[PDB]
file upload.txt (compact mmCIF, N, CA and C atoms)
# COMPACT_ATOMS: atom_id res chain seq x y z
N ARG A 2 15.19 45.35 -36.64
CA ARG A 2 15.13 43.94 -36.25
C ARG A 2 14.43 43.11 -37.32
N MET A 3 14.68 41.81 -37.30
CA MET A 3 14.13 40.90 -38.30
C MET A 3 12.61 40.85 -38.19
N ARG A 4 12.09 40.97 -36.98
CA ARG A 4 10.65 40.96 -36.76
C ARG A 4 10.00 42.18 -37.40
N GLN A 5 10.65 43.34 -37.30
CA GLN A 5 10.17 44.55 -37.95
C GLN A 5 10.10 44.37 -39.47
N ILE A 6 11.11 43.69 -40.02
CA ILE A 6 11.18 43.43 -41.45
C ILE A 6 10.06 42.49 -41.89
N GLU A 7 9.82 41.44 -41.11
CA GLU A 7 8.78 40.45 -41.42
C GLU A 7 7.39 41.09 -41.38
N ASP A 8 7.15 41.95 -40.40
CA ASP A 8 5.88 42.67 -40.28
C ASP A 8 5.66 43.60 -41.46
N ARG A 9 6.72 44.29 -41.88
CA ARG A 9 6.65 45.22 -43.01
C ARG A 9 6.34 44.47 -44.30
N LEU A 10 6.98 43.33 -44.51
CA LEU A 10 6.66 42.46 -45.66
C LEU A 10 5.20 41.97 -45.62
N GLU A 11 4.68 41.69 -44.43
CA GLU A 11 3.28 41.28 -44.30
C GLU A 11 2.35 42.44 -44.66
N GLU A 12 2.71 43.64 -44.22
CA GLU A 12 1.95 44.84 -44.54
C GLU A 12 2.00 45.14 -46.04
N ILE A 13 3.18 44.99 -46.65
CA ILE A 13 3.37 45.13 -48.09
C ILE A 13 2.52 44.09 -48.84
N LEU A 14 2.48 42.87 -48.33
CA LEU A 14 1.69 41.79 -48.94
C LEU A 14 0.19 42.08 -48.94
N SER A 15 -0.30 42.63 -47.83
CA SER A 15 -1.71 42.98 -47.70
C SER A 15 -2.08 44.03 -48.75
N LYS A 16 -1.23 45.05 -48.88
CA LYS A 16 -1.45 46.12 -49.85
C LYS A 16 -1.33 45.67 -51.31
N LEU A 17 -0.35 44.81 -51.60
CA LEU A 17 -0.19 44.28 -52.95
C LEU A 17 -1.39 43.44 -53.37
N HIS A 18 -1.94 42.69 -52.42
CA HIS A 18 -3.14 41.90 -52.67
C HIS A 18 -4.34 42.81 -52.93
N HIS A 19 -4.39 43.95 -52.25
CA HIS A 19 -5.42 44.96 -52.48
C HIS A 19 -5.26 45.61 -53.86
N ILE A 20 -4.02 45.91 -54.23
CA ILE A 20 -3.68 46.43 -55.55
C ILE A 20 -4.09 45.45 -56.65
N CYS A 21 -3.85 44.16 -56.46
CA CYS A 21 -4.25 43.16 -57.45
C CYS A 21 -5.77 43.17 -57.61
N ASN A 22 -6.47 43.17 -56.49
CA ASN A 22 -7.94 43.25 -56.50
C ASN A 22 -8.45 44.48 -57.26
N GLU A 23 -7.77 45.61 -57.08
CA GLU A 23 -8.18 46.86 -57.72
C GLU A 23 -7.88 46.87 -59.21
N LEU A 24 -6.76 46.28 -59.60
CA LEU A 24 -6.41 46.16 -61.01
C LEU A 24 -7.36 45.19 -61.72
N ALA A 25 -7.76 44.12 -61.04
CA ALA A 25 -8.72 43.16 -61.60
C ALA A 25 -10.08 43.85 -61.78
N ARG A 26 -10.45 44.69 -60.81
CA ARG A 26 -11.70 45.45 -60.86
C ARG A 26 -11.69 46.44 -62.02
N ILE A 27 -10.58 47.17 -62.20
CA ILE A 27 -10.40 48.09 -63.33
C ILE A 27 -10.47 47.34 -64.66
N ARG A 28 -9.85 46.16 -64.72
CA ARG A 28 -9.91 45.35 -65.93
C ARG A 28 -11.36 44.97 -66.27
N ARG A 29 -12.13 44.61 -65.24
CA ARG A 29 -13.55 44.28 -65.38
C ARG A 29 -14.38 45.47 -65.86
N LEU A 30 -14.14 46.65 -65.28
CA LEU A 30 -14.88 47.86 -65.66
C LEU A 30 -14.63 48.23 -67.11
N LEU A 31 -13.38 48.11 -67.56
CA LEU A 31 -13.02 48.42 -68.94
C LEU A 31 -13.70 47.46 -69.93
N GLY A 32 -13.89 46.22 -69.50
CA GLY A 32 -14.52 45.20 -70.31
C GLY A 32 -16.03 45.33 -70.40
N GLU A 33 -16.63 46.10 -69.50
CA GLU A 33 -18.08 46.32 -69.52
C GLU A 33 -18.48 47.67 -70.14
N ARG A 34 -17.52 48.36 -70.74
CA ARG A 34 -17.78 49.63 -71.41
C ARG A 34 -18.42 49.44 -72.78
N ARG B 1 -8.11 48.05 -79.42
CA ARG B 1 -7.00 48.40 -78.49
C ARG B 1 -7.42 48.29 -77.02
N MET B 2 -8.72 48.38 -76.73
CA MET B 2 -9.19 48.25 -75.36
C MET B 2 -9.03 46.80 -74.89
N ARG B 3 -9.31 45.85 -75.78
CA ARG B 3 -9.13 44.44 -75.47
C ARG B 3 -7.64 44.12 -75.26
N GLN B 4 -6.77 44.84 -75.97
CA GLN B 4 -5.33 44.69 -75.79
C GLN B 4 -4.86 45.27 -74.45
N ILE B 5 -5.41 46.41 -74.04
CA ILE B 5 -5.10 46.99 -72.74
C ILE B 5 -5.58 46.04 -71.63
N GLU B 6 -6.74 45.42 -71.83
CA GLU B 6 -7.27 44.43 -70.90
C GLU B 6 -6.34 43.22 -70.77
N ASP B 7 -5.78 42.77 -71.90
CA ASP B 7 -4.85 41.65 -71.91
C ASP B 7 -3.56 42.01 -71.19
N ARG B 8 -3.10 43.25 -71.35
CA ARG B 8 -1.87 43.70 -70.71
C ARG B 8 -2.04 43.78 -69.19
N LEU B 9 -3.20 44.27 -68.76
CA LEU B 9 -3.52 44.34 -67.34
C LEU B 9 -3.58 42.95 -66.72
N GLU B 10 -4.06 41.97 -67.49
CA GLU B 10 -4.07 40.58 -67.06
C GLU B 10 -2.66 40.01 -66.92
N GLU B 11 -1.77 40.39 -67.83
CA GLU B 11 -0.37 39.97 -67.79
C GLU B 11 0.35 40.60 -66.58
N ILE B 12 0.03 41.86 -66.30
CA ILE B 12 0.55 42.55 -65.12
C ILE B 12 0.04 41.89 -63.84
N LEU B 13 -1.26 41.62 -63.79
CA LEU B 13 -1.87 40.93 -62.66
C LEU B 13 -1.21 39.59 -62.38
N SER B 14 -0.98 38.84 -63.45
CA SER B 14 -0.30 37.55 -63.39
C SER B 14 1.04 37.69 -62.69
N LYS B 15 1.84 38.66 -63.14
CA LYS B 15 3.17 38.86 -62.60
C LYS B 15 3.12 39.41 -61.18
N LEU B 16 2.16 40.28 -60.89
CA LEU B 16 2.05 40.83 -59.55
C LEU B 16 1.72 39.72 -58.54
N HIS B 17 0.83 38.80 -58.92
CA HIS B 17 0.47 37.67 -58.06
C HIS B 17 1.68 36.75 -57.84
N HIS B 18 2.50 36.54 -58.87
CA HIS B 18 3.72 35.76 -58.73
C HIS B 18 4.67 36.44 -57.74
N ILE B 19 4.78 37.77 -57.85
CA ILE B 19 5.60 38.55 -56.92
C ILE B 19 5.12 38.45 -55.47
N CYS B 20 3.81 38.51 -55.27
CA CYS B 20 3.24 38.34 -53.94
C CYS B 20 3.68 36.99 -53.37
N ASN B 21 3.62 35.97 -54.22
CA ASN B 21 3.94 34.59 -53.83
C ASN B 21 5.41 34.44 -53.45
N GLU B 22 6.29 35.12 -54.19
CA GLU B 22 7.72 35.12 -53.88
C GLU B 22 8.05 35.90 -52.61
N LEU B 23 7.35 37.02 -52.39
CA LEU B 23 7.55 37.81 -51.18
C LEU B 23 7.02 37.06 -49.96
N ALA B 24 5.93 36.32 -50.14
CA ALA B 24 5.36 35.49 -49.09
C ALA B 24 6.37 34.41 -48.71
N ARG B 25 7.00 33.81 -49.72
CA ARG B 25 8.04 32.81 -49.53
C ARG B 25 9.24 33.40 -48.77
N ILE B 26 9.62 34.63 -49.12
CA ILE B 26 10.74 35.29 -48.44
C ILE B 26 10.39 35.54 -46.98
N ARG B 27 9.23 36.16 -46.74
CA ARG B 27 8.70 36.34 -45.39
C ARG B 27 8.81 35.02 -44.59
N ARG B 28 8.40 33.90 -45.19
CA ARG B 28 8.47 32.59 -44.53
C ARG B 28 9.91 32.14 -44.23
N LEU B 29 10.81 32.27 -45.19
CA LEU B 29 12.20 31.90 -44.98
C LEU B 29 12.83 32.73 -43.86
N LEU B 30 12.54 34.03 -43.84
CA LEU B 30 13.07 34.91 -42.80
C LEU B 30 12.60 34.47 -41.41
N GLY B 31 11.37 33.98 -41.33
CA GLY B 31 10.78 33.51 -40.08
C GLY B 31 11.43 32.25 -39.53
N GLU B 32 12.06 31.48 -40.40
CA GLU B 32 12.72 30.23 -40.03
C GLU B 32 14.15 30.46 -39.53
N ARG B 33 14.61 31.71 -39.57
CA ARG B 33 15.98 32.03 -39.22
C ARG B 33 16.15 32.18 -37.73
N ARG C 1 -16.03 58.47 -66.58
CA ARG C 1 -15.51 57.29 -65.83
C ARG C 1 -14.10 56.90 -66.28
N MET C 2 -13.71 57.26 -67.50
CA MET C 2 -12.37 56.95 -67.98
C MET C 2 -11.33 57.79 -67.22
N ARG C 3 -11.67 59.06 -66.96
CA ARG C 3 -10.80 59.93 -66.19
C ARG C 3 -10.68 59.43 -64.74
N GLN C 4 -11.74 58.82 -64.23
CA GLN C 4 -11.71 58.22 -62.90
C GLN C 4 -10.84 56.96 -62.86
N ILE C 5 -10.91 56.13 -63.90
CA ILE C 5 -10.05 54.95 -64.00
C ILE C 5 -8.58 55.39 -64.09
N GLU C 6 -8.33 56.48 -64.82
CA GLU C 6 -6.99 57.07 -64.93
C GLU C 6 -6.48 57.53 -63.56
N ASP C 7 -7.36 58.14 -62.77
CA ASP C 7 -7.00 58.62 -61.43
C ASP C 7 -6.69 57.44 -60.51
N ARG C 8 -7.45 56.36 -60.65
CA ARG C 8 -7.24 55.17 -59.82
C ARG C 8 -5.91 54.50 -60.14
N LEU C 9 -5.58 54.44 -61.43
CA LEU C 9 -4.30 53.88 -61.86
C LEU C 9 -3.14 54.70 -61.34
N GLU C 10 -3.33 56.02 -61.25
CA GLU C 10 -2.33 56.92 -60.68
C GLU C 10 -2.15 56.68 -59.18
N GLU C 11 -3.25 56.40 -58.48
CA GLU C 11 -3.22 56.09 -57.05
C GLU C 11 -2.53 54.75 -56.80
N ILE C 12 -2.78 53.77 -57.67
CA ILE C 12 -2.11 52.48 -57.63
C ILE C 12 -0.61 52.63 -57.89
N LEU C 13 -0.27 53.40 -58.92
CA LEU C 13 1.12 53.69 -59.26
C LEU C 13 1.86 54.31 -58.09
N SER C 14 1.22 55.28 -57.45
CA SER C 14 1.74 55.96 -56.27
C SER C 14 2.11 54.94 -55.20
N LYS C 15 1.18 54.04 -54.90
CA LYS C 15 1.38 53.06 -53.85
C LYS C 15 2.41 52.01 -54.27
N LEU C 16 2.42 51.62 -55.54
CA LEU C 16 3.39 50.64 -56.00
C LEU C 16 4.81 51.20 -55.87
N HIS C 17 5.00 52.47 -56.22
CA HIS C 17 6.31 53.11 -56.10
C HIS C 17 6.74 53.20 -54.63
N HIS C 18 5.80 53.47 -53.72
CA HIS C 18 6.11 53.47 -52.29
C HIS C 18 6.55 52.08 -51.84
N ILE C 19 5.87 51.05 -52.33
CA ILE C 19 6.23 49.66 -52.04
C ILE C 19 7.63 49.30 -52.54
N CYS C 20 7.96 49.74 -53.75
CA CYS C 20 9.30 49.52 -54.29
C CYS C 20 10.33 50.11 -53.35
N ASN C 21 10.04 51.32 -52.86
CA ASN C 21 10.94 52.07 -51.99
C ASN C 21 11.14 51.37 -50.64
N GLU C 22 10.07 50.79 -50.11
CA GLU C 22 10.14 50.03 -48.86
C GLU C 22 10.89 48.70 -49.04
N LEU C 23 10.68 48.04 -50.18
CA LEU C 23 11.38 46.79 -50.47
C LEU C 23 12.87 47.06 -50.70
N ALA C 24 13.18 48.19 -51.32
CA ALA C 24 14.56 48.61 -51.54
C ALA C 24 15.24 48.84 -50.19
N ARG C 25 14.51 49.48 -49.27
CA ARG C 25 14.98 49.71 -47.91
C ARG C 25 15.22 48.39 -47.18
N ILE C 26 14.33 47.42 -47.36
CA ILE C 26 14.48 46.11 -46.73
C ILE C 26 15.71 45.41 -47.28
N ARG C 27 15.82 45.33 -48.61
CA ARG C 27 17.01 44.82 -49.27
C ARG C 27 18.29 45.43 -48.65
N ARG C 28 18.31 46.75 -48.46
CA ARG C 28 19.45 47.44 -47.86
C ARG C 28 19.72 47.02 -46.40
N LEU C 29 18.68 46.96 -45.58
CA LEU C 29 18.84 46.54 -44.19
C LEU C 29 19.38 45.12 -44.11
N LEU C 30 18.87 44.22 -44.96
CA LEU C 30 19.34 42.83 -44.97
C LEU C 30 20.83 42.75 -45.31
N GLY C 31 21.29 43.64 -46.19
CA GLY C 31 22.68 43.70 -46.60
C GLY C 31 23.64 44.14 -45.50
N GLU C 32 23.11 44.86 -44.52
CA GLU C 32 23.89 45.37 -43.40
C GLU C 32 24.04 44.34 -42.28
N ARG C 33 23.40 43.19 -42.44
CA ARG C 33 23.37 42.17 -41.39
C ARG C 33 24.62 41.31 -41.43
N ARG D 2 19.93 31.01 -48.34
CA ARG D 2 20.91 31.95 -47.78
C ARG D 2 20.42 33.39 -47.94
N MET D 3 20.98 34.29 -47.13
CA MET D 3 20.56 35.68 -47.13
C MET D 3 20.88 36.34 -48.46
N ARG D 4 21.98 35.92 -49.08
CA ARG D 4 22.38 36.47 -50.37
C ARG D 4 21.36 36.09 -51.44
N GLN D 5 20.86 34.86 -51.40
CA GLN D 5 19.81 34.43 -52.32
C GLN D 5 18.56 35.28 -52.17
N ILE D 6 18.22 35.62 -50.92
CA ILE D 6 17.06 36.44 -50.62
C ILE D 6 17.23 37.85 -51.15
N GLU D 7 18.42 38.42 -50.96
CA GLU D 7 18.72 39.79 -51.40
C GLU D 7 18.67 39.89 -52.93
N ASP D 8 19.20 38.88 -53.61
CA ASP D 8 19.16 38.82 -55.07
C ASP D 8 17.73 38.73 -55.59
N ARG D 9 16.91 37.92 -54.92
CA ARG D 9 15.51 37.74 -55.31
C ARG D 9 14.73 39.04 -55.14
N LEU D 10 14.96 39.74 -54.03
CA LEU D 10 14.37 41.08 -53.83
C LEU D 10 14.82 42.08 -54.91
N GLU D 11 16.07 41.99 -55.34
CA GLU D 11 16.56 42.87 -56.41
C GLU D 11 15.86 42.54 -57.73
N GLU D 12 15.67 41.24 -57.99
CA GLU D 12 14.97 40.79 -59.18
C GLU D 12 13.49 41.21 -59.14
N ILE D 13 12.86 41.09 -57.98
CA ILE D 13 11.49 41.55 -57.75
C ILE D 13 11.40 43.06 -57.97
N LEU D 14 12.39 43.80 -57.50
CA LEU D 14 12.44 45.26 -57.66
C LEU D 14 12.51 45.69 -59.12
N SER D 15 13.33 44.98 -59.90
CA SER D 15 13.48 45.26 -61.32
C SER D 15 12.14 45.09 -62.03
N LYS D 16 11.46 43.99 -61.73
CA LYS D 16 10.16 43.68 -62.32
C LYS D 16 9.05 44.64 -61.89
N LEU D 17 9.03 45.01 -60.61
CA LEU D 17 8.04 45.96 -60.11
C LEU D 17 8.20 47.33 -60.76
N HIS D 18 9.44 47.72 -61.00
CA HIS D 18 9.74 48.98 -61.67
C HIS D 18 9.27 48.92 -63.13
N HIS D 19 9.38 47.74 -63.75
CA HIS D 19 8.88 47.51 -65.10
C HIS D 19 7.35 47.57 -65.14
N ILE D 20 6.72 46.96 -64.14
CA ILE D 20 5.27 47.00 -63.96
C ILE D 20 4.77 48.43 -63.78
N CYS D 21 5.47 49.24 -63.00
CA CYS D 21 5.09 50.65 -62.82
C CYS D 21 5.15 51.38 -64.16
N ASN D 22 6.25 51.18 -64.89
CA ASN D 22 6.41 51.77 -66.22
C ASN D 22 5.26 51.37 -67.16
N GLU D 23 4.83 50.12 -67.09
CA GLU D 23 3.77 49.62 -67.96
C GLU D 23 2.40 50.15 -67.57
N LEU D 24 2.16 50.30 -66.27
CA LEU D 24 0.91 50.88 -65.79
C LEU D 24 0.84 52.36 -66.14
N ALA D 25 1.97 53.06 -66.06
CA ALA D 25 2.02 54.48 -66.44
C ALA D 25 1.75 54.63 -67.94
N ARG D 26 2.29 53.70 -68.73
CA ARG D 26 2.08 53.67 -70.18
C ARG D 26 0.61 53.43 -70.52
N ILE D 27 -0.01 52.46 -69.85
CA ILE D 27 -1.44 52.17 -70.01
C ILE D 27 -2.28 53.39 -69.61
N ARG D 28 -1.91 54.06 -68.53
CA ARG D 28 -2.62 55.26 -68.11
C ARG D 28 -2.55 56.34 -69.20
N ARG D 29 -1.38 56.50 -69.81
CA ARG D 29 -1.16 57.44 -70.91
C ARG D 29 -1.99 57.09 -72.15
N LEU D 30 -2.03 55.81 -72.52
CA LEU D 30 -2.79 55.37 -73.69
C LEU D 30 -4.29 55.63 -73.50
N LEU D 31 -4.80 55.38 -72.30
CA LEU D 31 -6.22 55.60 -72.00
C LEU D 31 -6.58 57.09 -72.08
N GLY D 32 -5.62 57.94 -71.73
CA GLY D 32 -5.81 59.38 -71.76
C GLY D 32 -5.74 59.98 -73.15
N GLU D 33 -5.19 59.24 -74.11
CA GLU D 33 -5.11 59.72 -75.50
C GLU D 33 -6.20 59.12 -76.41
N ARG D 34 -7.17 58.43 -75.82
CA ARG D 34 -8.28 57.86 -76.57
C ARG D 34 -9.33 58.92 -76.93
call {"tool": "encode", "arguments": {"input": "upload.txt", "output": "structure tokens"}}
result
Amino acid sequence: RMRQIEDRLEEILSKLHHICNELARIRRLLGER
Amino acid sequence: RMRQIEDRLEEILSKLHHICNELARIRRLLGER
Amino acid sequence: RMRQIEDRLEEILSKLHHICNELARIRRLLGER
Amino acid sequence: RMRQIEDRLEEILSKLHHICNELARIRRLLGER
């Protein structure tokens, strides 16, 4: 159903935002070496 | 080369955030259907 | 700590590939509509 | 339209696959330092 698809995209969005945060954190750690 | 890897991660971050924004837009359009 | 950053990037890669797979699945479901 | 959405997801998929390739490449470069 379309609602299942919309929820999955929201779940994907939450995780992608977490991934961005983690990549930004890794970028910061590399810069403080 | 570490500063270059840092720049590449920033370019990836940039594109990932744009992708989040496009997926958010898709999620929104689907909701209007 | 570099080996740990490498492990984290692998964990991110893992999740990003899973996300690609879920988005591919969504693309497919939308096509069947 | 749904076709516009499906095309955009395909375009997003192509880019995400490129991002995965680039993150894997960065992981490899860090491991050869």
call {"tool": "interface_residues", "arguments": {"input": "upload.txt", "of": "chain B", "to": "chain C", "cutoff": "12 Å", "atoms": "only C-alpha atoms", "output": "PyMOL selection string"}}
result
chain B and resi 2+9+16+19-20+23+26-27+30
call {"tool": "residues_around", "arguments": {"input": "upload.txt", "residues": "residue 2 (chain D)", "least_positions_apart": "4", "cutoff": "12 Å", "atoms": "only C-alpha atoms", "output": "number ranges by chain"}}
result
B: 26, 29-30, 32-33; C: 30-31; D: 6-9
call {"tool": "atom_distance", "arguments": {"input": "upload.txt", "atom1": "CA of residue 29 (chain A)", "atom2": "CA of residue 19 (chain D)"}}
result
22.7 Å
call {"tool": "atom_distance", "arguments": {"input": "upload.txt", "atom1": "atom C of residue 11 (chain D)", "atom2": "atom N of residue 24 (chain C)"}}
result
9.0 Å
call {"tool": "atom_distance", "arguments": {"input": "upload.txt", "atom1": "CA of residue 22 (chain C)", "atom2": "CA of residue 15 (chain B)"}}
result
19.0 Å
